[PDB]
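A quick write-up on the structure given underneath.
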Amino acid sequence: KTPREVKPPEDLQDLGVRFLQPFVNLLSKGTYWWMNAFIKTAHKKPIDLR
Amino acid sequence: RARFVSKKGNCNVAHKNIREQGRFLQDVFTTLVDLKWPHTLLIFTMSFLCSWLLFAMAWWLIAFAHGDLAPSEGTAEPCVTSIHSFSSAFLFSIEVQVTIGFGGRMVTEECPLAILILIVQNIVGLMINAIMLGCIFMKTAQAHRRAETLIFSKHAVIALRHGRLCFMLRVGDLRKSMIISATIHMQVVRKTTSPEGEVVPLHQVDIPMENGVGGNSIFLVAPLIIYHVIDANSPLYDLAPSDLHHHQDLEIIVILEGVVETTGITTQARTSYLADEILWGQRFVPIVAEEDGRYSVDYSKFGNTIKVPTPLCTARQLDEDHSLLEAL
Amino acid sequence: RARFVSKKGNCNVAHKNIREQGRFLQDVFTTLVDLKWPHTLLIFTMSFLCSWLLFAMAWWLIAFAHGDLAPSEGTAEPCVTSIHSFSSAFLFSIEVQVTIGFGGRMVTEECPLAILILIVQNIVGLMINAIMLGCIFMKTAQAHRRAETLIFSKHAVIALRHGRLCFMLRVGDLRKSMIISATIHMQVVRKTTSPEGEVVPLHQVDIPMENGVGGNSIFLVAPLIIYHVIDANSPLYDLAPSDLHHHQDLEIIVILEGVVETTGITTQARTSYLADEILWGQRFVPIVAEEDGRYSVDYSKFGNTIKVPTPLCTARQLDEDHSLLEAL
Amino acid sequence: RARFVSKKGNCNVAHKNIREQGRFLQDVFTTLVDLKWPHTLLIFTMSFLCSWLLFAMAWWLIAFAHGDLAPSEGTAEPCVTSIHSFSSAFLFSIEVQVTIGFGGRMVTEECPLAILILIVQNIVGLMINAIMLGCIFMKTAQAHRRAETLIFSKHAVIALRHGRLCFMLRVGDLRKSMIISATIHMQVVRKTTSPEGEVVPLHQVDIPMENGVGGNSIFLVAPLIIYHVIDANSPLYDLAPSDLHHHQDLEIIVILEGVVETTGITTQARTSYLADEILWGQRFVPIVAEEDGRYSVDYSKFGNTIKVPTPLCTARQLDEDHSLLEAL
Amino acid sequence: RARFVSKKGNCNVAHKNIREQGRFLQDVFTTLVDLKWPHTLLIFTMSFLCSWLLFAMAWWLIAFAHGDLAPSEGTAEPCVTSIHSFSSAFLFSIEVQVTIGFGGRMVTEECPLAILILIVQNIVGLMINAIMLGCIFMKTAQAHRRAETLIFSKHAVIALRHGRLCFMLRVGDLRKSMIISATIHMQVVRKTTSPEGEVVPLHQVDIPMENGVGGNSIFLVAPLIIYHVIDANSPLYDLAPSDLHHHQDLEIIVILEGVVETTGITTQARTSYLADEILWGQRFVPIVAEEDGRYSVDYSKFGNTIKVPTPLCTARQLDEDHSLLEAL
Ligand SMILES: Nc1ncnc2c1ncn2[C@@H]1O[C@H](COP(=O)(O)OP(=O)(O)OP(=O)(O)O)[C@@H](O)[C@H]1O
Ligand SMILES: Nc1ncnc2c1ncn2[C@@H]1O[C@H](COP(=O)(O)OP(=O)(O)OP(=O)(O)O)[C@@H](O)[C@H]1O
Ligand SMILES: Nc1ncnc2c1ncn2[C@@H]1O[C@H](COP(=O)(O)OP(=O)(O)OP(=O)(O)O)[C@@H](O)[C@H]1O
Ligand SMILES: Nc1ncnc2c1ncn2[C@@H]1O[C@H](COP(=O)(O)OP(=O)(O)OP(=O)(O)O)[C@@H](O)[C@H]1O
């Protein structure tokens with residue numbers, strides 16, 4: 001009966017404003033696939049501080 | 001003191017001694033549709049098994065009555081080619097009814113009764129197949145998968161709007177798929193009594209939502225707030241703070257009814273709020289923000305509210321003191 | 001003096017000399033759907049039989065025109081392999097159209113006309129199969145199996161509520177499956193007359209249910225009471241006790257319309273009450289009780305009422321004496 | 001001077017130069033559903049023919065590329081057993097895609113490319129079969145077969161009811177099958193003009209039916225009369241007798257919308273009445289009589305009326321003279 | 001500053017951090033229905049491939065465990081006739097599950113475990129086939145192909161009607177197929193605030209369409225104009241010209257909901273107008289003309305308007321100056 005379900009900070013504590021590895025898997029945490037995505041927009045649009 | 005409807009739409013009421021029986025032979029389909037998947041699966045599988053085995057026994061018995069298992073003399077031709085064991089007749093029945101028909105075991109003209117059996121099994125196979133397929137269809141077109149995504153905050157708040165003290169609650173839809181003709185029926189329930197004296201345990205009063213038109217339809221894309229303005233005609237016009245509590249006979253039944261976008265069928269979600277869950281004097285914090293070229297519905301902190309004081313008396317005494325202060 | 005609608009929803013009215021004919025070739029499907037199960041079964045079975053036999057005659061005739069039954073000379077190859085009797089051609093037709101195709105009797109290139117027959121029978125088989133399956137579907141998705149569980153007490157009572165004399169009746173749903181947008185249309189019917197003089201035999205006045213919103217939707221989980229408040233605009237405002245009786249031209253048609261939960265389709269139940277069944281001066285006893293952690297709808301004694309006196313005069317004379325006592 | 005809607009529901013309006021194109025690849029299904037039966041039949045048949053012939057050419061070409069038509073040397077085994085003519089490959093394609101598979105001509109391991117072709121043809125066969133069957137279903141579940149039985153008298157009459165001059169018409173349902181939530185939208189249409197001056201050719205004003213509740217639902221079992229009470233808010237409040245005629249720009253669009261009983265889908269019938277068909281000063285004779293233990297709806301003389309005089313002036317001048325006679 | 005709904009019905013709002021997960025194993029069907037055609041096709045094809053290959057491995061393994069690939073001694077009979085390569089077992093699996101069954105490779109009584117495998121594969125084949133076919137059906141019965149033909153002019157105009165300043169817009173239907181119970185829900189949205197102070201980003205007020213009955217249903221055959229009369233209760237009663245502009249927080253959400261004629265299911269189209277698209281002081285030119293014995297809806301110049309001046313102040317100041325000029 002008991003799922004001991006969850007308290008995931010990866011999404012929750014992030015609250016929607018974050019930039020780092022934890023939500024990414026160990027694989028990307030070694031190979032920066034998320035960082036690939038992050039750079040993906042830097043071509044189509046100049047980055048900004050917001 | 002039970003909840004009328006669970007916080008997840010469960011109608012928490014047992015029937016206990018219906019008089020009559022069920023539907024003669026139509027309740028089969030209805031009771032078949034809404035039912036746990038593995039049980040329905042098993043029922044259909046076992047229907048196919050029994051249909052196969054029955055005609056398997058039939059074919060085997062026919063071959064045995066034709067005197068076709070013993071002789072193998074070469075002269076007399078079988079009712080059906082090359083069957084020597086009940087296993088053979090069973091394979092044959094499967095080949096027939098599933099419409100496979102390999103050919104190594106084949107019906108012959110030597111037994112017209114066997115031809116009758118063939119016709120019978122084909123007709124039965126088509127009938128049972130169409131029944132199973134109609135059931136599987138109307139089951140795979142099932143609703144209430146969406147009715148679980150239609151979320152409702154665990155709490156409802158009251159506040160002051162337009163100088164009036166109106167009961168509110170936030171509604172939530174999580175799927176991008178759209179509900180059509182989304183209609184709200186807030187409905188307060190309690191054990192209330194007429195002046196003449198009759199009391200009914202679960203009395204039900206349709207409390208109208210405050211809509212600029214007055215109707216009950218909404219257009220839910222971003223999870224919004226549903227609210228009732230408490231007027232002297234609303235039963236909640238005698239409600240006061242601190243009267244609400246989990247031991248106060250009080251509950252407001254919230255009904256959401258609309259058409260699924262992909263499937264033209266209709267679904268209904270239910271949620272309820274008894275007295276304590278109705279937080280007094282708060283406001284749901286706006287979970288929407290103008291995103292970068294977008295509207296950002298922060299679904300996090302969804303039902304998170306904020307406390308605000310208020311005149312801690314009935315809307316009755318609200319209008320009392322208000323009339324006393326306006327006619328001054 | 002017949003009942004307009006039976007106590008079980010039967011519209012007890014015959015048509016007697018419709019002018020025109022029916023639907024050219026679409027009435028077939030509609031008249032096919034709603035129809036007794038064994039008759040529909042038999043119709044489909046016999047459709048399959050005739051479809052099989054027709055092409056059976058076709059194949060047999062082709063083999064016979066090819067000069068393929070007599071010779072067996074060994075040289076000339078048949079249109080279709082190894083058929084020697086009409087029984088053979090019939091087995092072949094069944095194998096083809098049911099998509100079994102054992103193989104002992106098989107189409108050959110020697111007759112292109114036979115290839116045409118094969119194409120024809122396959123197309124016809126698929127068309128007839130899809131028709132039968134669509135019909136079986138829309139029949140197995142049939143409604144009004146639920147419309148029988150929607151029960152209504154054999155009697156309706158009037159009493160005093162809010163100092164007002166309102167006509168009531170209890171509604172009942174026996175299935176745990178839920179009806180969506182359950183809507184009530186109480187409708188009084190009699191042979192009434194305009195002031196100018198025209199009378200119509202079955203005149204129909206939609207008598208509005210008293211709903212806190214004013215609309216006609218309900219939320220029926222526990223079998224509740226539907227009621228109309230008799231106002232000077234209600235036609236029943238001239239009604240009096242002892243005016244009701246089984247020989248008083250009077251009847252109130254009760255309509256329940258909603259969407260089945262599992263099948264998004266809509267159903268309607270009907271019940272009616274003529275003058276005598278409308279018990280004067282009673283109250284339906286509350287059949288609900290707070291069970292142990294539950295709400296106990298005692299479905300037994302469902303329509304059992306209790307007698308209560310009342311001013312035995314018209315709501316007209318009610319307001320007359322009430323105005324006389326209030327302006328005193 | 002055309003009729004907006006024909007006396008049989010035909011929307012007598014052409015579009016003439018829609019800007020854009022149609023639906024990319026979904027209009028196929030919609031345009032497929034509502035379409036004459038033989039044309040749809042032919043389309044499906046010819047789809048099956050082309051699907052069979054295409055893979056027939058495929059198999060034949062494969063056998064010919066394998067060098068399997070010429071040699072018959074006995075050693076080299078074919079891609080597919082025993083095909084020697086394009087007729088053979090065509091029979092094989094039919095056996096495969098129709099799932100017959102006699103066996104005399106059978107796929108062999110000697111050509112994996114042939115195995116690919118087999119997989120391809122089976123997938124295509126299942127996809128095309130499901131498409132054809134879904135189309136045949138939603139076509140055999142078609143509506144508007146009932147929408148033809150919903151009849152409407154060729155004429156509409158006005159008379160005096162409740163001292164008021166109300167426009168009427170009789171409605172008719174010929175099927176014993178019941179319509180659910182039968183809703184009326186009478187709608188007068190003409191080339192009318194705002195005070196500011198703008199005129200629109202087919203202006204449309206929803207003229208409300210007089211219902212005791214006020215809503216637009218009815219309960220049609222015995223063919224009854226629909227009627228509008230002409231109030232100072234009704235556009236017909238400036239209408240007079242002898243103003244109606246087939247050259248008077250005037251028409252009242254009558255809409256009937258409800259759910260078919262057997263098929264939970266919705267249908268709509270349309271009928272219209274321009275000025276002349278609106279007979280002035282008559283009453284539809286009651287075509288119902290209390291039969292022997294039954295209600296006899298004499299469907300004969302269905303729309304037959306009876307002439308009755310009336311003040312031959314506008315409801316405007318009606319209220320004028322009425323106020324002059326009451327304030328006297 | 002994004003658009004709430006795109007000019008083509010796209011709900012331009014992202015969810016961003018839903019708390020929970022999806023539907024356990026029912027979201028499969030819903031997410032399956034509405035999905036790009038080639039992706040769904042591929043999913044079903046690959047389901048058939050995996051189902052075939054799995055049992056192919058099964059049959060091959062069984063033949064190999066029976067010691068049936070090596071010997072070919074002639075004495076021991078196989079579990080299944082004449083398979084010598086995994087290619088053989090794969091062809092056999094395809095023949096079985098597709099119900100073809102040529103016959104050259106056929107199940108034998110020598111392995112009851114093989115009979116079990118046969119039963120298993122037939123049951124799985126029927127289950128998967130019914131699932132695929134139900135999905136293909138409810139996908140081919142898809143809506144929103146019609147919802148694209150329901151067109152709306154890129155602009156909305158205001159003008160004077162009945163001496164009143166009413167917001168308008170023209171609606172358009174391009175298909176001759178009819179929508180049933182076509183209902184309009186104009187709904188203005190902005191970031192508005194209660195007097196007490198709470199602001200909500202996307203607040204939503206159902207602005208009622210001006211209908212002679214008051215309801216929200218229409219009857220769209222010729223593309224007509226929808227309009228709201230701006231009353232002191234309308235939120236737009238504080239609107240003024242030159243207040244509208246693409247940087248004015250303002251938008252009016254237009255909802256069209258009805259039943260498709262051929263498919264009894266319901267569809268919804270959406271269009272929106274922010275402040276600038278709301279052209280001030282114009283009138284849509286009548287695109288209808290009485291054709292030769294017909295009504296000519298010139299669908300060209302569909303949304304083309306004409307400019308007309310007007311008092312360039314709020315409906316508030318309209319009633320201000322109007323009361324000042326009438327009480328003079
Ligand atoms: N961010 C969210 N996304 C989706 N569903 C949510 C979210 N937050 C809550 N819910 C659902 O709404 C229901 C009631 O919401 P409630 O107001 O209790 O949220 P909560 O538990 O207070 O979480 P939070 O504090 O994040 O709102 C819960 O059953 C929960 O599953
Ligand atoms: N008894 C009836 N049963 C069914 N349909 C009828 C009947 N009478 C008329 N109709 C249909 O109603 C439509 C209009 O009816 P109308 O009032 O013209 O009847 P009618 O032609 O005057 O015949 P009658 O004089 O018998 O009423 C016609 O298209 C007709 O098909
Ligand atoms: N306990 C019950 N459960 C289900 N259906 C019932 C029950 N009681 C009555 N009904 C149904 O309701 C219909 C009318 O109800 P009615 O008021 O006549 O009940 P009744 O016959 O008086 O029985 P009771 O005295 O128990 O109410 C009947 O046709 C009956 O089938
Ligand atoms: N004649 C027409 N037929 C069908 N659709 C049209 C027509 N004219 C415009 N539309 C559609 O209506 C939508 C908005 O209409 P709009 O008023 O912008 O027309 P428009 O672009 O001004 O063309 P026009 O000047 O011909 O009206 C557009 O997306 C367009 O596809």
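Identifiers in the structure tokens: chain A, B, ... in order shown; residue index from 1 per chain; ligand index from 1 in order shown.
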Leaving out residue 30 of chain A and any residue of its chain fewer than 6 positions from it, which residues lie within 12 Å of it when counting only C-alpha atoms, given as a list in words?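 The residues satisfying every condition are residues 21, 22 and 24 of chain A.
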Atoms kept (N, CA, C and O atoms) for selection, written as a compact mmCIF listing (two decimals), in the first residue's frame:
# COMPACT_ATOMS: atom_id res chain seq x y z
N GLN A 21 23.16 20.23 -13.50
CA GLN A 21 23.14 18.80 -13.75
C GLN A 21 22.06 17.97 -13.05
O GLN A 21 21.66 16.96 -13.63
N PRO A 22 21.58 18.30 -11.84
CA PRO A 22 20.88 17.27 -11.06
C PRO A 22 19.74 16.60 -11.81
O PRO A 22 19.69 15.37 -11.83
N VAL A 24 19.43 16.30 -14.89
CA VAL A 24 20.04 15.52 -15.96
C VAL A 24 20.62 14.23 -15.38
O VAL A 24 20.97 14.14 -14.21
With a distance threshold of 10 Å and counting only C-alpha atoms, extract the residues of chain B near chain A and express them as a ChimeraX atom specification. /B:292,298-301
Pick out the residues sitting within 12 Å of residue 40 of chain C, and hand them over as a list in words; count only C-alpha atoms, and ignore anything fewer than 3 positions along from it in its own chain.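 The filter keeps residues 127 of chain B; 28, 29, 31, 32, 33, 34, 35, 36, 37, 43, 44, 45, 46, 47, 132, 135, 136, 139 and 140 of chain C.
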Please write the residues from the selection above to a file, keeping C-alpha atoms, as a PDB file, in the first residue's frame.
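The file below, result-v6.pdb, is the result:
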ATOM      1  CA  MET B 127     -20.800 -13.280 -33.995  1.00  0.00           C
TER       2      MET B 127
ATOM      3  CA  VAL C  28     -32.818  -0.369 -42.837  1.00  0.00           C
ATOM      4  CA  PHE C  29     -30.010   0.574 -40.451  1.00  0.00           C
ATOM      5  CA  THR C  31     -34.866  -0.223 -37.881  1.00  0.00           C
ATOM      6  CA  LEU C  32     -32.041  -2.742 -37.643  1.00  0.00           C
ATOM      7  CA  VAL C  33     -30.378  -1.279 -34.550  1.00  0.00           C
ATOM      8  CA  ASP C  34     -33.307  -1.209 -32.118  1.00  0.00           C
ATOM      9  CA  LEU C  35     -34.792  -4.654 -32.537  1.00  0.00           C
ATOM     10  CA  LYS C  36     -35.071  -7.874 -30.585  1.00  0.00           C
ATOM     11  CA  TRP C  37     -31.747  -9.713 -30.326  1.00  0.00           C
ATOM     12  CA  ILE C  43     -31.204 -11.757 -39.998  1.00  0.00           C
ATOM     13  CA  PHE C  44     -27.414 -11.639 -40.005  1.00  0.00           C
ATOM     14  CA  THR C  45     -27.042 -15.419 -40.033  1.00  0.00           C
ATOM     15  CA  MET C  46     -29.424 -15.714 -42.947  1.00  0.00           C
ATOM     16  CA  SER C  47     -27.600 -12.925 -44.774  1.00  0.00           C
ATOM     17  CA  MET C 132     -22.853  -6.676 -40.051  1.00  0.00           C
ATOM     18  CA  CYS C 135     -24.675  -2.992 -36.922  1.00  0.00           C
ATOM     19  CA  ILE C 136     -23.511  -5.359 -34.176  1.00  0.00           C
ATOM     20  CA  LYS C 139     -26.402  -2.489 -31.219  1.00  0.00           C
ATOM     21  CA  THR C 140     -24.017  -3.608 -28.469  1.00  0.00           C
TER      22      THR C 140
END
Taking only C-alpha atoms and all ligand atoms into account, report as an MDAnalysis selection string which residues have an atom no farther than 6 Å from an atom of ligand 3. (chainID B and resid 18:20) or (chainID C and resid 151:155 299:304)
Find the residues near ligand 2. Use a cut-off of 12 Å, count only C-alpha atoms and all ligand atoms, and write them as an NGL selection string. (:C and (15-22)) or (:D and (6-9 or 148-157 or 169-175 or 223 or 271-273 or 277-279 or 284-288 or 297-306))
Neighbours of chain C in chain D at 6 Å, counting only C-alpha atoms, as a list in words: residues 99, 100, 101, 102, 103, 133, 137, 145, 161, 162, 212, 213, 264, 286, 293, 294, 295, 296, 297, 298, 299 and 300 of chain D
Go ahead and write the selection's residues with C-alpha atoms as a tab-separated table (two decimals), in the first residue's frame.
chain	number	residue	atom	x	y	z
D	99	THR	CA	-5.95	-13.63	-45.66
D	100	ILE	CA	-7.18	-16.69	-47.54
D	101	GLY	CA	-3.92	-18.41	-48.41
D	102	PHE	CA	-4.95	-21.63	-50.13
D	103	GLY	CA	-1.43	-23.01	-50.15
D	133	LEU	CA	-14.21	-0.56	-41.97
D	137	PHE	CA	-19.10	2.08	-39.74
D	145	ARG	CA	-32.51	9.14	-42.00
D	161	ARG	CA	-54.61	32.66	-27.45
D	162	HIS	CA	-54.91	34.17	-23.97
D	212	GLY	CA	-44.02	27.65	-19.69
D	213	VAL	CA	-40.44	27.45	-18.45
D	264	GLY	CA	-26.57	8.71	-29.28
D	286	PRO	CA	-56.93	18.63	-33.19
D	293	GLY	CA	-57.95	2.62	-24.29
D	294	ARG	CA	-55.40	4.62	-26.28
D	295	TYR	CA	-54.56	8.05	-27.65
D	296	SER	CA	-55.43	8.21	-31.33
D	297	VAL	CA	-53.23	10.61	-33.24
D	298	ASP	CA	-55.07	10.80	-36.53
D	299	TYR	CA	-52.01	11.48	-38.65
D	300	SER	CA	-54.35	11.96	-41.58
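Among the candidates A:7, A:18, A:45, A:1, the residue lying nearest to ligand 1 is A:7 (atoms considered: only C-alpha atoms and all ligand atoms).
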Would you mind writing down, as number ranges by chain, each residue of segment 166-319 of chain B that DSSP on the backbone assigns to strand (DSSP E)? B: 166-173, 179-193, 199-206, 225-229, 251-260, 266-274, 278-279, 282-284, 288-291, 294-297, 305-307
Calculate how many Å separate atom CA of residue 275 of chain D from atom CA of residue 242 of chain D, rounding to one decimal.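 We find that atom CA of residue 275 of chain D and atom CA of residue 242 of chain D lie 9.4 Å from each other.
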Atomic distance atom CA of residue 191 of chain E - atom CA of residue 249 of chain E, expressed in Å with one decimal: 7.0 Å
DSSP helix (DSSP H, G or I) residues within segment 7-109 of chain E, listed as a ChimeraX atom specification: /E:27-33,37-65,86-97
Distance of atom CA of residue 290 of chain E from atom 25 (O, counted along the ligand's line) of ligand 4, expressed in Å to one decimal place: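 Distance reported for this atom pair: 21.2 Å.
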Non-local contacts of segment 309-315 of chain D (7 Å; only C-alpha atoms; under 6 positions in same chain excluded) as a VMD selection string: chain D and resid 165 237 to 241 281
Mind dumping the selected residues with C-alpha atoms as an mmCIF file, in the first residue's frame?
data_model
loop_
_atom_site.group_PDB
_atom_site.id
_atom_site.type_symbol
_atom_site.label_atom_id
_atom_site.label_comp_id
_atom_site.auth_asym_id
_atom_site.auth_seq_id
_atom_site.Cartn_x
_atom_site.Cartn_y
_atom_site.Cartn_z
ATOM 1 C CA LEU D 165 -52.277 37.063 -31.173
ATOM 2 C CA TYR D 237 -45.105 42.855 -33.676
ATOM 3 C CA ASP D 238 -45.383 45.112 -36.747
ATOM 4 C CA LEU D 239 -46.847 42.305 -38.858
ATOM 5 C CA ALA D 240 -50.408 42.586 -40.163
ATOM 6 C CA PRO D 241 -52.642 40.332 -42.234
ATOM 7 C CA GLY D 281 -56.403 33.573 -38.759
#
